[PDB]
């Protein structure tokens, strides 16, 4: 299956404090049975939580992929999380669930290509930001809004439309 935008959103923990769907990074990891501080010590990359948030949301709407972090607690125990944005984007890109992304190389193209659609967005090689960002995007007042944050100052914008 391919998830519905509304339900993927409902199942997605925003890292934006002012979002109705906000959840702190430590609670996200606690949910799947990890202490954030232990993980950061093992690999500081875990501070970038976008792919973990998206992974978990995808799982809850029934999309499974290979990942590299086993969930150790809760309903999804035994399933895997992909903590790397690029690696998650690659999964989606080859999945039959989503298919190939539309890939944009500048902000005008990205914005016109997304248009009034909604879906999954991946910001690749973001200026002054490490690890990329994968998120949900939709229109809001003729602008585009991301559930956590948009990073249009980047080298590539990948987009998968959802209904």
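Residue numbers count along the first chain shown, from 1.
Student: Is the mean CA B factor in the deposited entry higher across 99-107 or across 53-61?
Tutor: Higher mean C-alpha B-factor in the PDB entry: 99-107.
Student: Averaging the C-alpha B factors as listed in the entry, name the stretch that ends up higher: 89-97 or 75-83.
Tutor: Comparing averages over the C-alpha atoms only gives 89-97.
Student: Whose CA atom has the top B-factor in the entry, of 116, 48, 124, 127?
Tutor: Highest C-alpha B-factor among the listed residues goes to 116.
Student: Of the options 23, 143, 154, 146, which has the highest CA B factor as deposited?
Tutor: Spelled out: the listed residue with the top C-alpha B-factor is 143.
Student: Split into thirds by Cα B-factor across the chain's modelled residues, where does residue 36 land: lowest, middle or highest?
Tutor: Highest third of the chain for residue 36's C-alpha B-factor.
Student: Going by the recorded CA B-factors, say which third of the chain residue 134 sits in, lowest, middle or highest.
Tutor: Lowest third, going by the recorded CA B-factors of the chain.
Student: Going by the recorded CA B-factors, say which third of the chain residue 69 sits in, lowest, middle or highest.
Tutor: As the PDB entry reports it, the C-alpha B-factor of residue 69 lands in the highest third of its chain.
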